[PDB]
Structures are given as C-alpha cells and as structure tokens.
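Structure data follow from model.cif (mmCIF, C-alpha atoms):
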```cif
data_entry
#
loop_
_atom_site.label_atom_id
_atom_site.label_comp_id
_atom_site.auth_asym_id
_atom_site.auth_seq_id
_atom_site.Cartn_x
_atom_site.Cartn_y
_atom_site.Cartn_z
CA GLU A 2 7.50 24.91 16.72
CA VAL A 3 7.79 21.11 16.42
CA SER A 4 4.00 20.55 16.38
CA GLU A 5 3.12 22.73 13.37
CA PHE A 6 6.32 21.29 11.84
CA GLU A 7 5.48 17.62 12.32
CA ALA A 8 1.95 18.18 11.04
CA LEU A 9 3.29 19.58 7.76
CA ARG A 10 5.95 16.91 7.24
CA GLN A 11 3.23 14.35 7.91
CA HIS A 12 1.19 16.08 5.21
CA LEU A 13 4.31 16.04 3.04
CA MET A 14 4.91 12.35 3.73
CA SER A 15 1.21 11.61 3.28
CA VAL A 16 1.22 13.01 -0.25
CA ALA A 17 4.71 11.81 -1.18
CA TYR A 18 4.29 8.10 -0.43
CA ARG A 19 1.00 8.15 -2.32
CA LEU A 20 2.53 9.95 -5.31
CA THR A 21 4.67 6.84 -5.70
CA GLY A 22 4.01 3.51 -3.98
CA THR A 23 7.23 3.38 -2.00
CA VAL A 24 8.06 4.84 1.44
CA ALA A 25 11.72 5.08 0.46
CA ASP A 26 10.72 7.04 -2.67
CA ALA A 27 8.84 9.40 -0.35
CA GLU A 28 11.69 9.49 2.14
CA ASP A 29 13.97 10.83 -0.59
CA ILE A 30 11.48 13.28 -2.12
CA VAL A 31 10.63 14.97 1.18
CA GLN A 32 14.42 15.04 1.61
CA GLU A 33 14.65 17.89 -0.89
CA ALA A 34 11.57 19.76 0.36
CA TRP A 35 13.62 21.10 3.27
CA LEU A 36 16.53 21.96 0.97
CA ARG A 37 14.19 23.68 -1.48
CA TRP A 38 12.39 25.62 1.26
CA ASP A 39 14.87 28.46 0.70
CA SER A 40 13.71 31.98 -0.14
CA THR A 43 10.17 33.40 3.92
CA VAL A 44 9.14 36.75 5.38
CA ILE A 45 5.62 36.12 4.19
CA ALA A 46 5.13 32.55 2.96
CA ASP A 47 2.84 29.52 2.81
CA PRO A 48 5.21 26.57 3.43
CA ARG A 49 2.31 24.12 3.24
CA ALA A 50 1.17 24.88 -0.31
CA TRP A 51 4.73 25.39 -1.56
CA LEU A 52 6.31 22.17 -0.30
CA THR A 53 3.52 20.09 -1.85
CA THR A 54 4.34 21.34 -5.33
CA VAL A 55 8.01 20.77 -4.57
CA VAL A 56 7.22 17.24 -3.38
CA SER A 57 4.51 16.68 -6.01
CA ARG A 58 6.93 17.61 -8.78
CA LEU A 59 9.65 15.45 -7.24
CA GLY A 60 6.97 12.78 -6.98
CA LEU A 61 6.48 13.21 -10.72
CA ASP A 62 10.25 13.00 -11.18
CA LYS A 63 9.95 9.43 -9.89
CA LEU A 64 6.87 8.45 -11.92
CA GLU A 72 17.63 -5.08 -9.56
CA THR A 73 14.28 -5.21 -11.38
CA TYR A 74 14.73 -8.26 -13.60
CA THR A 75 11.50 -10.04 -12.67
CA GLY A 76 7.78 -9.32 -12.87
CA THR A 77 4.40 -8.36 -11.37
CA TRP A 78 5.15 -5.12 -9.51
CA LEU A 79 3.33 -4.12 -6.30
CA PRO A 80 3.42 -1.09 -3.94
CA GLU A 81 5.53 -0.91 -0.79
CA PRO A 82 3.26 -1.22 2.27
CA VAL A 83 3.37 0.71 5.54
CA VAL A 84 3.04 -1.48 8.64
CA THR A 85 2.27 0.21 11.97
CA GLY A 86 1.49 -1.23 15.39
CA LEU A 87 -2.09 -1.50 16.63
CA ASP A 88 -1.80 1.75 18.59
CA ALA A 89 -1.06 3.56 15.32
CA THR A 90 1.30 5.87 17.20
CA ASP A 91 4.04 5.26 14.63
CA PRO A 92 5.36 8.19 12.53
CA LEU A 93 4.36 6.45 9.29
CA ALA A 94 0.82 5.89 10.59
CA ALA A 95 -0.36 9.42 9.78
CA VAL A 96 0.78 8.75 6.20
CA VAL A 97 -1.65 5.88 5.71
CA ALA A 98 -4.35 6.99 8.14
CA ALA A 99 -6.32 7.95 5.04
CA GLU A 100 -8.70 5.22 3.85
CA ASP A 101 -7.69 5.86 0.24
CA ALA A 102 -4.16 4.86 1.25
CA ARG A 103 -5.46 1.29 1.49
CA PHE A 104 -3.29 -1.31 -0.25
CA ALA A 105 -6.06 -2.13 -2.71
CA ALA A 106 -6.37 1.57 -3.55
CA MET A 107 -2.59 1.86 -3.85
CA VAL A 108 -2.05 -1.09 -6.21
CA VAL A 109 -4.76 0.51 -8.34
CA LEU A 110 -2.54 3.57 -8.48
CA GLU A 111 0.78 1.77 -9.02
CA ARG A 112 1.68 -0.18 -12.18
CA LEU A 113 -1.27 1.56 -13.81
CA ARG A 114 -1.09 5.37 -13.66
CA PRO A 115 2.28 7.16 -13.92
CA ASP A 116 0.31 10.01 -15.47
CA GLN A 117 -3.23 10.17 -14.11
CA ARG A 118 -1.77 9.84 -10.61
CA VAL A 119 -0.93 13.42 -9.57
CA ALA A 120 -4.23 14.76 -10.91
CA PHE A 121 -6.38 12.14 -9.16
CA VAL A 122 -4.37 11.87 -5.93
CA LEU A 123 -4.06 15.61 -5.35
CA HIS A 124 -7.76 16.18 -6.00
CA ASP A 125 -9.67 13.04 -4.99
CA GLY A 126 -7.42 12.16 -2.09
CA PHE A 127 -6.00 15.45 -0.89
CA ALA A 128 -8.77 17.81 -2.02
CA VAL A 129 -6.46 20.10 -4.01
CA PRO A 130 -8.35 22.35 -6.44
CA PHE A 131 -7.50 21.92 -10.14
CA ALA A 132 -5.99 25.39 -10.62
CA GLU A 133 -3.27 24.45 -8.11
CA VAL A 134 -2.99 20.94 -9.54
CA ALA A 135 -2.68 22.64 -12.93
CA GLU A 136 0.33 24.50 -11.56
CA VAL A 137 2.54 21.43 -10.98
CA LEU A 138 0.84 19.95 -14.05
CA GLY A 139 1.56 22.78 -16.47
CA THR A 140 -1.69 23.48 -18.29
CA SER A 141 -5.37 24.49 -18.27
CA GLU A 142 -7.95 24.20 -15.49
CA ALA A 143 -10.23 21.78 -17.37
CA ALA A 144 -7.06 20.04 -18.54
CA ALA A 145 -6.36 19.05 -14.94
CA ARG A 146 -9.90 17.75 -14.47
CA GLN A 147 -9.63 15.78 -17.71
CA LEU A 148 -6.31 14.16 -16.88
CA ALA A 149 -8.03 13.45 -13.56
CA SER A 150 -11.24 12.21 -15.20
CA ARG A 151 -9.32 9.57 -17.15
CA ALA A 152 -8.14 8.27 -13.77
CA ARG A 153 -11.51 7.95 -12.05
CA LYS A 154 -12.54 5.85 -15.04
CA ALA A 155 -9.45 3.63 -14.89
CA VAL A 156 -10.76 2.23 -11.59
CA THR A 157 -12.99 0.16 -13.87
CA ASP A 168 -16.60 -2.68 4.63
CA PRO A 169 -16.52 -2.11 8.41
CA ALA A 170 -16.34 -5.89 8.78
CA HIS A 171 -12.59 -5.91 8.04
CA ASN A 172 -11.38 -6.86 11.50
CA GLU A 173 -14.32 -9.24 11.95
CA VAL A 174 -13.54 -10.83 8.57
CA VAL A 175 -9.72 -10.74 8.91
CA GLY A 176 -10.05 -11.81 12.54
CA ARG A 177 -12.37 -14.70 11.77
CA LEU A 178 -9.93 -15.72 9.04
CA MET A 179 -6.69 -15.36 11.03
CA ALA A 180 -7.74 -18.10 13.44
CA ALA A 181 -10.23 -20.16 11.39
CA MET A 182 -7.88 -21.35 8.63
CA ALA A 183 -5.73 -22.97 11.33
CA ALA A 184 -8.63 -25.39 11.83
CA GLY A 185 -8.57 -26.20 8.14
CA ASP A 186 -12.24 -25.26 8.02
CA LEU A 187 -12.39 -25.28 4.23
CA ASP A 188 -16.16 -24.90 3.89
CA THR A 189 -15.97 -21.53 5.66
CA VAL A 190 -12.94 -20.32 3.70
CA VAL A 191 -14.41 -20.79 0.20
CA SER A 192 -17.54 -18.86 1.15
CA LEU A 193 -15.51 -15.91 2.42
CA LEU A 194 -13.76 -15.63 -0.94
CA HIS A 195 -14.90 -13.88 -4.12
CA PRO A 196 -15.64 -15.99 -7.23
CA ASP A 197 -13.07 -13.77 -8.89
CA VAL A 198 -10.93 -13.32 -5.76
CA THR A 199 -7.26 -12.79 -6.51
CA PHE A 200 -3.82 -13.60 -5.11
CA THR A 201 -1.15 -11.20 -6.35
CA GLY A 202 2.48 -11.42 -5.27
CA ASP A 203 5.35 -8.99 -5.76
CA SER A 204 7.89 -11.27 -7.42
CA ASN A 205 10.72 -8.76 -7.72
CA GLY A 206 11.94 -10.40 -4.54
CA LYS A 207 13.77 -13.73 -4.55
CA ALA A 208 10.97 -15.66 -2.84
CA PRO A 209 8.48 -18.34 -3.93
CA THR A 210 5.23 -16.43 -4.44
CA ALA A 211 2.56 -15.89 -7.04
CA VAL A 212 5.21 -14.90 -9.59
CA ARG A 213 2.16 -14.16 -11.74
CA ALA A 214 -1.36 -13.37 -10.53
CA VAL A 215 -3.69 -16.28 -9.76
CA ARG A 216 -7.42 -15.70 -10.25
CA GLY A 217 -10.74 -17.08 -9.00
CA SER A 218 -12.04 -18.51 -5.70
CA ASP A 219 -11.59 -22.30 -5.86
CA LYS A 220 -8.30 -21.76 -7.66
CA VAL A 221 -6.96 -19.30 -5.06
CA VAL A 222 -7.77 -21.87 -2.35
CA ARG A 223 -5.65 -24.37 -4.28
CA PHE A 224 -2.71 -21.98 -4.13
CA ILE A 225 -3.45 -21.51 -0.43
CA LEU A 226 -3.62 -25.27 0.19
CA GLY A 227 -0.13 -25.51 -1.26
CA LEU A 228 1.07 -22.90 1.24
CA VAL A 229 0.01 -24.76 4.40
CA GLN A 230 1.26 -27.94 2.71
CA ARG A 231 4.67 -26.42 1.98
CA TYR A 232 5.40 -24.35 5.09
CA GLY A 233 3.26 -26.31 7.55
CA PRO A 234 1.31 -25.05 10.61
CA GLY A 235 4.09 -23.14 12.41
CA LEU A 236 3.14 -20.75 9.62
CA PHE A 237 0.61 -18.94 11.83
CA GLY A 238 2.99 -18.48 14.78
CA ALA A 239 5.47 -16.32 12.88
CA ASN A 240 2.60 -14.29 11.41
CA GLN A 241 2.05 -11.11 13.43
CA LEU A 242 -1.21 -9.19 13.71
CA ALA A 243 -0.50 -5.63 12.53
CA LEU A 244 -2.00 -2.58 10.84
CA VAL A 245 -1.39 -2.65 7.08
CA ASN A 246 -2.02 0.72 5.38
CA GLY A 247 -4.39 1.82 8.15
CA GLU A 248 -6.46 -1.35 8.44
CA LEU A 249 -5.79 -4.68 10.18
CA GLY A 250 -3.59 -6.90 8.06
CA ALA A 251 -0.58 -9.06 8.93
CA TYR A 252 3.14 -9.61 8.39
CA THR A 253 5.49 -12.52 9.15
CA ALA A 254 9.03 -12.85 10.55
CA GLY A 255 9.43 -16.03 8.50
CA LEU A 256 9.94 -19.67 9.49
CA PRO A 257 12.91 -22.05 9.47
CA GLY A 258 11.14 -25.33 8.78
CA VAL A 259 12.27 -28.08 11.13
CA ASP A 260 9.98 -31.02 10.32
CA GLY A 261 11.11 -31.14 6.70
CA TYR A 262 8.98 -28.11 5.88
CA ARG A 263 10.49 -25.52 3.55
CA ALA A 264 12.08 -22.51 5.23
CA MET A 265 9.63 -19.67 4.61
CA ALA A 266 10.48 -16.01 4.07
CA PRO A 267 9.40 -13.03 6.15
CA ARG A 268 6.72 -11.14 4.24
CA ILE A 269 3.77 -8.78 4.52
CA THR A 270 0.23 -9.81 3.58
CA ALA A 271 -2.59 -7.30 3.07
CA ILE A 272 -6.30 -8.14 2.84
CA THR A 273 -9.19 -6.54 0.91
CA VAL A 274 -12.83 -6.92 1.97
CA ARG A 275 -16.28 -6.24 0.46
CA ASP A 276 -19.65 -8.05 0.32
CA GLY A 277 -18.50 -9.28 3.72
CA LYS A 278 -16.21 -11.55 1.72
CA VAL A 279 -12.46 -11.51 1.04
CA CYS A 280 -12.30 -9.93 -2.43
CA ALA A 281 -8.51 -10.02 -2.75
CA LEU A 282 -5.26 -10.97 -1.02
CA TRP A 283 -1.84 -9.40 -1.44
CA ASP A 284 1.55 -11.11 -1.22
CA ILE A 285 4.58 -8.90 -0.66
CA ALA A 286 7.90 -10.74 -0.42
CA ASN A 287 10.61 -8.34 -1.64
CA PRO A 288 13.05 -7.42 1.17
CA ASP A 289 13.86 -4.24 -0.77
CA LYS A 290 10.33 -3.05 0.10
CA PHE A 291 10.38 -3.46 3.88
CA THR A 292 10.90 0.20 4.76
CA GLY A 293 7.30 0.58 5.90
CA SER A 294 7.81 -2.53 8.02
CA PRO A 295 9.05 -3.75 11.43
CA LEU A 296 11.22 -6.19 9.48
CA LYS A 297 13.41 -4.02 7.22
#
```

Please re-express this file's structure in structure tokens.
Amino acid sequence: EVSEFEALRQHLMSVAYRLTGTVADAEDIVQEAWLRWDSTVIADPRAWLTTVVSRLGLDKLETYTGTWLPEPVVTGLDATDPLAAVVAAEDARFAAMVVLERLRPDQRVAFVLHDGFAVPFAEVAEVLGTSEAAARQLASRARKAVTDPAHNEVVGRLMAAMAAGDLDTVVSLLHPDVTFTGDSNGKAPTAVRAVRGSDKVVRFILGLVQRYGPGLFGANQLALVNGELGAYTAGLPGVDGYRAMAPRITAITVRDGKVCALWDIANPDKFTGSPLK
C-alpha cells in the first residue's frame, strides 16, 4: 500500500520540482494531484498524475530585485531524506537546473519529460497539445539552448584547502571563465549580478574571507546539494568586528577536474529544500 504509493509520489515530486525550480512550487502542484485523482476501476495512476502535475507545472511556468536562481534541495549524507529521491537524478544537478530556470519556460516540459524522464513524445504531445514531431521540435530547441567523478575529491580538497589561504592551488582549480552567480532576490550581500572569470572570481572570494573572517568555515556544513556533495551555512554573528554573515546554501560545479562554476543562494524564501528553512 504505502510502498507503491511513496514510489509514485516520489516520481510525482521528482518531475514536479524539475518542472519548476522550486520545491514549494512542487509541493503545491503535487497537492492537487491527489485531489484530481478522482474518477479508478481500471486505471494507470502513474501516467495520469504526471500529466496532471506536468500541466500544473506548466501553470506555474516580493520579487523586486534581480538575477533569479533555482531553489536547491539539501539532504544529509545518508540521502535517506524524502526529498533525496527527487534529486537523486544526475540531471537534477544545480548546474543543470539553473540551465532550465530563467531560460526555458517553454522548452522545459518537452525536454524534461523526454530527456530526463524518458517520456515518449506522443505522451508529451498530450500535455503539450499538438503533433508528435511538434513535441520533438519544441524539445530540439531546448537541447540546443544548452549552448566528473572527482566532485567529492575536488569539493573536499577545496573545503579544507582554502582555509590555509593556499591561493596558488585555488586559481588552478578554477575555470578561466569560471562564474559566481548569486540569487539576489534575498536581502543579503551577494553577487547581486553575476561575476565572471577566474582571477576575478578569486577577487570576489578574497573579499568574502576578508569580510566575514575565518569562522566562516565553522558554520559551513558539509551536505548533499541536489544529489552531489555541496555545502550550506547556518550563518555567523561576527564578533571580532567581522560582518554578521547570513545562512545560505552554496552549490559547486566540476569538470576538467577544475571548479567550472560556483552558486550563491541567499534568499530565505528558498530554504524549503534545506535544513535551515
């Protein structure tokens, strides 16, 4: 009873959160799935509730600032959490999700349902509303809009290293076009606009340890961010004339064995995938 049930709702949550970029937006869309279950004698609850959720997800597809970013899901290292199964998929990675958010409120459902969730186009066409090839084409314009197993090794190395101020190591681990992007909807000093490039990202970073100090690392917890090892912070008070910092969640993106991007998420309104909340 509960098993088959939880597996479906997980599937429903898995698709819902990805349809948007918010776990509250998924929490409210799966909310109707149950209510719209009504009819059966013979039925396929799995295929039906997707459409219901997918359409409600399309119904979705304060706010006086800029540079939007997706709400993250933060589970413990056991990944036993109920929101873990949501982001267990590798394409639920924060990098993958920011690609999807603030970019495609149209090519989303076609790409997500098919690339991510392996839904054939005829069924995607159903929630869509048109032809077979018209689902593949609204999906093909998504796969174009896009243009490592060392993650823990690279995040791990980094998590400690930077506390030595080993700057020679840190600039090599970064991409020449590495990025630091902060969700500035939240009232918190961040990259209110995106900062670009290696040496220049380091500069921004140097300001951080300068501003908040070294207690910085002690409030920063090791945790799973969207299925892979990232980190979040409970915040700091600042007692040696350092600025009081805010609790926030920081995701990391890795390729070439180098940190290709960093993500700053500081809006308290987006903590519903978090231990903070």

Give as JSON, numbers by chain the residues that the PyMOL selection byres ((chain A and resi 232) around 7) matches when applied to the coordinates above. {"A": [228, 229, 230, 231, 233, 234, 236, 258, 262, 263, 264, 265]}

Quick check on the file I pasted: which residues fall under the PyMOL selection byres ((chain A and resi 60-80) around 9)? Write them as a VMD selection string. chain A and resid 16 to 23 26 to 27 30 55 to 59 81 to 82 104 107 to 108 110 to 112 114 to 116 118 to 119 201 to 206 211 to 214 283 to 285 290

For a quick check of your reading of the model, name the residues lying within 12 Å of the coordinate (-4.0, 15.2, -5.5), counting all atoms listed in the file, and write them as number ranges by chain. A: 12-13, 15-17, 19-20, 53-54, 56-58, 60-61, 101, 117-138, 145-146, 148-149, 152

Contacts of segment 215-223 of chain A at 6 Å or less, counting all atoms listed in the file, minus same-chain residues fewer than 5 places along, as a PyMOL selection string? chain A and resi 194-200

Among A:99, A:93, A:286, A:280, residue 268 of chain A is approached most closely, using all atoms listed in the file, by A:286

Length of the atom CA of residue 287 of chain A to atom CA of residue 98 of chain A vector [Å]: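 Going from atom CA of residue 287 of chain A over to atom CA of residue 98 of chain A covers 23.5 Å.
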
Would you kindly identify which residues have an atom no farther than 12 Å from (-10.2, -24.0, 7.9), using all atoms listed in the file and the file's own coordinates, and write them out as a PDB file with C-alpha atoms, keeping the file's coordinate frame?
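Listing of point.pdb after writing:
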```pdb
ATOM      1  CA  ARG A 177     -12.370 -14.700  11.770  1.00  0.00           C
ATOM      2  CA  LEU A 178      -9.930 -15.720   9.040  1.00  0.00           C
ATOM      3  CA  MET A 179      -6.690 -15.360  11.030  1.00  0.00           C
ATOM      4  CA  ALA A 180      -7.740 -18.100  13.440  1.00  0.00           C
ATOM      5  CA  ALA A 181     -10.230 -20.160  11.390  1.00  0.00           C
ATOM      6  CA  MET A 182      -7.880 -21.350   8.630  1.00  0.00           C
ATOM      7  CA  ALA A 183      -5.730 -22.970  11.330  1.00  0.00           C
ATOM      8  CA  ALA A 184      -8.630 -25.390  11.830  1.00  0.00           C
ATOM      9  CA  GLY A 185      -8.570 -26.200   8.140  1.00  0.00           C
ATOM     10  CA  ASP A 186     -12.240 -25.260   8.020  1.00  0.00           C
ATOM     11  CA  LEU A 187     -12.390 -25.280   4.230  1.00  0.00           C
ATOM     12  CA  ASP A 188     -16.160 -24.900   3.890  1.00  0.00           C
ATOM     13  CA  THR A 189     -15.970 -21.530   5.660  1.00  0.00           C
ATOM     14  CA  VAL A 190     -12.940 -20.320   3.700  1.00  0.00           C
ATOM     15  CA  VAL A 191     -14.410 -20.790   0.200  1.00  0.00           C
ATOM     16  CA  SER A 192     -17.540 -18.860   1.150  1.00  0.00           C
ATOM     17  CA  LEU A 193     -15.510 -15.910   2.420  1.00  0.00           C
ATOM     18  CA  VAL A 222      -7.770 -21.870  -2.350  1.00  0.00           C
ATOM     19  CA  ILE A 225      -3.450 -21.510  -0.430  1.00  0.00           C
ATOM     20  CA  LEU A 226      -3.620 -25.270   0.190  1.00  0.00           C
ATOM     21  CA  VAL A 229       0.010 -24.760   4.400  1.00  0.00           C
ATOM     22  CA  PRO A 234       1.310 -25.050  10.610  1.00  0.00           C
TER      23      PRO A 234
END
```

In Å to one decimal, how far is atom CA of residue 51 of chain A from atom CA of residue 34 of chain A? 9.1 Å

Just the number, please: distance in Å from atom CA of residue 275 of chain A to atom CA of residue 172 of chain A, one decimal.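 Atom CA of residue 172 of chain A lies 12.1 Å from atom CA of residue 275 of chain A.
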
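Nearest-residue note for residue 102 of chain A: choosing from A:288, A:261, A:247, A:235, the minimum distance belongs to A:247, counting only C-alpha atoms.
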
Selected residue of minimal separation from residue 83 of chain A among A:279, A:259, A:31, A:251, counting only C-alpha atoms: A:251

Using the chain letters and residue numbers of this document, give as an mmCIF file with C-alpha atoms, keeping the file's coordinate frame the residues selected by the PyMOL selection byres ((chain A and resi 169) around 9).
```
data_model
loop_
_atom_site.group_PDB
_atom_site.id
_atom_site.type_symbol
_atom_site.label_atom_id
_atom_site.label_comp_id
_atom_site.auth_asym_id
_atom_site.auth_seq_id
_atom_site.Cartn_x
_atom_site.Cartn_y
_atom_site.Cartn_z
ATOM 1 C CA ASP A 168 -16.600 -2.680 4.630
ATOM 2 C CA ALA A 170 -16.340 -5.890 8.780
ATOM 3 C CA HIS A 171 -12.590 -5.910 8.040
ATOM 4 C CA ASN A 172 -11.380 -6.860 11.500
ATOM 5 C CA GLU A 173 -14.320 -9.240 11.950
ATOM 6 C CA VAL A 274 -12.830 -6.920 1.970
ATOM 7 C CA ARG A 275 -16.280 -6.240 0.460
ATOM 8 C CA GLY A 277 -18.500 -9.280 3.720
#
```

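Distance check against residue 292 of chain A using all atoms listed in the file: of A:269, A:88, A:49, A:241, the minimum falls on A:269.
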
Complete the atoms of segment 179-202 of chain A to N, CA and C atoms and put them out as a PDB file, in the frame of the given file.
```
ATOM      1  N   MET A 179      -8.006 -15.157  10.427  1.00  0.00           N
ATOM      2  CA  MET A 179      -6.690 -15.360  11.030  1.00  0.00           C
ATOM      3  C   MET A 179      -6.631 -16.630  11.876  1.00  0.00           C
ATOM      4  N   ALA A 180      -7.679 -16.875  12.653  1.00  0.00           N
ATOM      5  CA  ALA A 180      -7.740 -18.100  13.440  1.00  0.00           C
ATOM      6  C   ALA A 180      -8.292 -19.263  12.626  1.00  0.00           C
ATOM      7  N   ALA A 181      -9.488 -19.086  12.069  1.00  0.00           N
ATOM      8  CA  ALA A 181     -10.230 -20.160  11.390  1.00  0.00           C
ATOM      9  C   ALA A 181      -9.392 -21.112  10.542  1.00  0.00           C
ATOM     10  N   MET A 182      -8.649 -20.555   9.588  1.00  0.00           N
ATOM     11  CA  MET A 182      -7.880 -21.350   8.630  1.00  0.00           C
ATOM     12  C   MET A 182      -6.929 -22.341   9.307  1.00  0.00           C
ATOM     13  N   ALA A 183      -6.560 -22.060  10.551  1.00  0.00           N
ATOM     14  CA  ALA A 183      -5.730 -22.970  11.330  1.00  0.00           C
ATOM     15  C   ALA A 183      -6.517 -24.201  11.796  1.00  0.00           C
ATOM     16  N   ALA A 184      -7.826 -24.203  11.566  1.00  0.00           N
ATOM     17  CA  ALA A 184      -8.630 -25.390  11.830  1.00  0.00           C
ATOM     18  C   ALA A 184      -8.801 -26.179  10.548  1.00  0.00           C
ATOM     19  N   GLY A 185      -8.351 -25.598   9.440  1.00  0.00           N
ATOM     20  CA  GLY A 185      -8.570 -26.200   8.140  1.00  0.00           C
ATOM     21  C   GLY A 185     -10.054 -26.319   7.866  1.00  0.00           C
ATOM     22  N   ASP A 186     -10.801 -25.293   8.257  1.00  0.00           N
ATOM     23  CA  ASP A 186     -12.240 -25.260   8.020  1.00  0.00           C
ATOM     24  C   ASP A 186     -12.490 -24.736   6.619  1.00  0.00           C
ATOM     25  N   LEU A 187     -12.389 -25.637   5.648  1.00  0.00           N
ATOM     26  CA  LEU A 187     -12.390 -25.280   4.230  1.00  0.00           C
ATOM     27  C   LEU A 187     -13.742 -24.818   3.707  1.00  0.00           C
ATOM     28  N   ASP A 188     -14.823 -25.284   4.323  1.00  0.00           N
ATOM     29  CA  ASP A 188     -16.160 -24.900   3.890  1.00  0.00           C
ATOM     30  C   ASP A 188     -16.398 -23.414   4.154  1.00  0.00           C
ATOM     31  N   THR A 189     -15.865 -22.937   5.275  1.00  0.00           N
ATOM     32  CA  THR A 189     -15.970 -21.530   5.660  1.00  0.00           C
ATOM     33  C   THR A 189     -15.113 -20.637   4.767  1.00  0.00           C
ATOM     34  N   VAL A 190     -13.930 -21.125   4.409  1.00  0.00           N
ATOM     35  CA  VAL A 190     -12.940 -20.320   3.700  1.00  0.00           C
ATOM     36  C   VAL A 190     -13.311 -20.050   2.233  1.00  0.00           C
ATOM     37  N   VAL A 191     -14.029 -20.975   1.598  1.00  0.00           N
ATOM     38  CA  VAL A 191     -14.410 -20.790   0.200  1.00  0.00           C
ATOM     39  C   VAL A 191     -15.633 -19.888   0.064  1.00  0.00           C
ATOM     40  N   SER A 192     -16.383 -19.738   1.152  1.00  0.00           N
ATOM     41  CA  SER A 192     -17.540 -18.860   1.150  1.00  0.00           C
ATOM     42  C   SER A 192     -17.120 -17.414   1.378  1.00  0.00           C
ATOM     43  N   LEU A 193     -16.022 -17.234   2.107  1.00  0.00           N
ATOM     44  CA  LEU A 193     -15.510 -15.910   2.420  1.00  0.00           C
ATOM     45  C   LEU A 193     -14.734 -15.302   1.257  1.00  0.00           C
ATOM     46  N   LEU A 194     -14.538 -16.086   0.202  1.00  0.00           N
ATOM     47  CA  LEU A 194     -13.760 -15.630  -0.940  1.00  0.00           C
ATOM     48  C   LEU A 194     -14.660 -15.253  -2.112  1.00  0.00           C
ATOM     49  N   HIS A 195     -14.174 -14.330  -2.936  1.00  0.00           N
ATOM     50  CA  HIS A 195     -14.900 -13.880  -4.120  1.00  0.00           C
ATOM     51  C   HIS A 195     -14.703 -14.881  -5.244  1.00  0.00           C
ATOM     52  N   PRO A 196     -15.750 -15.104  -6.061  1.00  0.00           N
ATOM     53  CA  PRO A 196     -15.640 -15.990  -7.230  1.00  0.00           C
ATOM     54  C   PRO A 196     -14.474 -15.597  -8.117  1.00  0.00           C
ATOM     55  N   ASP A 197     -14.176 -14.304  -8.123  1.00  0.00           N
ATOM     56  CA  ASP A 197     -13.070 -13.770  -8.890  1.00  0.00           C
ATOM     57  C   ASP A 197     -12.008 -13.192  -7.955  1.00  0.00           C
ATOM     58  N   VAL A 198     -11.954 -13.718  -6.731  1.00  0.00           N
ATOM     59  CA  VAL A 198     -10.930 -13.320  -5.760  1.00  0.00           C
ATOM     60  C   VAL A 198      -9.554 -13.529  -6.377  1.00  0.00           C
ATOM     61  N   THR A 199      -8.555 -12.831  -5.856  1.00  0.00           N
ATOM     62  CA  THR A 199      -7.260 -12.790  -6.510  1.00  0.00           C
ATOM     63  C   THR A 199      -6.145 -12.978  -5.491  1.00  0.00           C
ATOM     64  N   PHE A 200      -5.017 -13.514  -5.940  1.00  0.00           N
ATOM     65  CA  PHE A 200      -3.820 -13.600  -5.110  1.00  0.00           C
ATOM     66  C   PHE A 200      -2.632 -13.080  -5.909  1.00  0.00           C
ATOM     67  N   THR A 201      -2.180 -11.877  -5.571  1.00  0.00           N
ATOM     68  CA  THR A 201      -1.150 -11.200  -6.350  1.00  0.00           C
ATOM     69  C   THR A 201       0.108 -10.999  -5.510  1.00  0.00           C
ATOM     70  N   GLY A 202       1.241 -11.476  -6.018  1.00  0.00           N
ATOM     71  CA  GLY A 202       2.480 -11.420  -5.270  1.00  0.00           C
ATOM     72  C   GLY A 202       3.578 -10.622  -5.940  1.00  0.00           C
TER      73      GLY A 202
END
```
